[PDB]
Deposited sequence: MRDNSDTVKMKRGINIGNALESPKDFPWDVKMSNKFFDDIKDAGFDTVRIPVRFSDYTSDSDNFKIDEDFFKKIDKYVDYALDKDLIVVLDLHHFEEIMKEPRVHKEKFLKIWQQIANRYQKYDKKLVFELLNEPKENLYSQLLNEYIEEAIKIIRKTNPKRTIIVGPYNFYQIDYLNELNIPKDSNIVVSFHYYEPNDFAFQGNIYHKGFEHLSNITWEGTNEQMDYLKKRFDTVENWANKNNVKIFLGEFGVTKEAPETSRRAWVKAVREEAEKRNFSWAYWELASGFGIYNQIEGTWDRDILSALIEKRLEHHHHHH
């Protein structure tokens, strides 16, 4: 099902009391669908909308999610609903385990009848103190809750340290046929993030190139070898849930990197979703509804 996807980023994963620079809008799903994408990824920071008791998700905000998911779903888009930027659980996972499992109880109860095309992504980029042996324990506990109301819906999990290839070996594949494994890919980091203010440590880089040299192509291929090999041995399909390049980077390298990564993904039967529609990594002007053909051409011929 999933192949060509895009993230609506820096939108609903914004902090509850500080919105970021992209305003979610139904027109987005029209233009994404018409561009050739079959899949949209929607990061949502539900953790900012809980009664911090039974951890009841604010119904107001929750209705906002009904609006866009239904609209997206009523265009035949696959919608990955993604619990994004749950920051407190990365610092003290043991304190927020229950808050995490309560959150997925509500989500699964509420969209249990929804079309197959609605997919669940449990926890974006586990990092810091939520290390693998806890992450796996919480992942198994969340799937068994979800599986009472959503027994066949697709569920996406990912490894520790920002969904990193290097931590796939520690990620446990659950007892379950309907699970996709996701990694993120932005290597090399200094080229992909250069000049972006939101990427702490990268904001003052400048004019770094990716020309597609043989060593550069070789590295990319070996990194993707590592993931394919893992996925073969574990009989799971892989989803490249985020990849992209900031706008500040050199126009021509940006296109070549994105093409090369997209191509390598498809070459190995990976679904993918480009990091980010309309923000600092974007390829789409939210004010005029126009695309950056130069980058869009790299993603979809």
{"property": "Deposited-sequence ranges lacking C-alpha coordinates, in sequence order", "result": "1-8, 61, 311-320"}
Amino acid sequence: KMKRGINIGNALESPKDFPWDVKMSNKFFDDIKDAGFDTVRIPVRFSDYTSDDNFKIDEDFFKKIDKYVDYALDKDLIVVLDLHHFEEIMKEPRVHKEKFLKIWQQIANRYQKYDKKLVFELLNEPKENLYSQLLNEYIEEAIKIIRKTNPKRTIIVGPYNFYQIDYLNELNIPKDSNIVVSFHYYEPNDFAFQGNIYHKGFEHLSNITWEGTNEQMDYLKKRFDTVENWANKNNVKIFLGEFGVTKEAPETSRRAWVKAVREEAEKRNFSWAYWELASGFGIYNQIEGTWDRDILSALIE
From here on, numbers count along this sequence of modelled residues.
query	finding
Mean C-alpha temperature factor, higher of 31-39 and 240-248	31-39
Stretch with the greater mean C-alpha B-factor as recorded in the entry, comparing 182-190 against 91-99	91-99
Residue with highest C-alpha B-factor in the PDB entry, from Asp74, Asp82, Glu128, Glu125	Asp74
Given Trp257, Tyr49, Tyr274, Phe270, the residue at which the Cα B factor reaches its maximum	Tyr49
Entry-reported Cα temperature factor of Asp17, expressed as the chain third it lands in	highest
CA B-factor placement of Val157, once the chain's modelled residues are sorted into thirds	middle
Among modelled residues of the same chain, the CA temperature factor third for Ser279	lowest
Where the record places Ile143 (Cα B-factor, split into thirds across the chain)	highest
Cα B factor band for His199 (lowest, middle or highest third within the chain)	middle
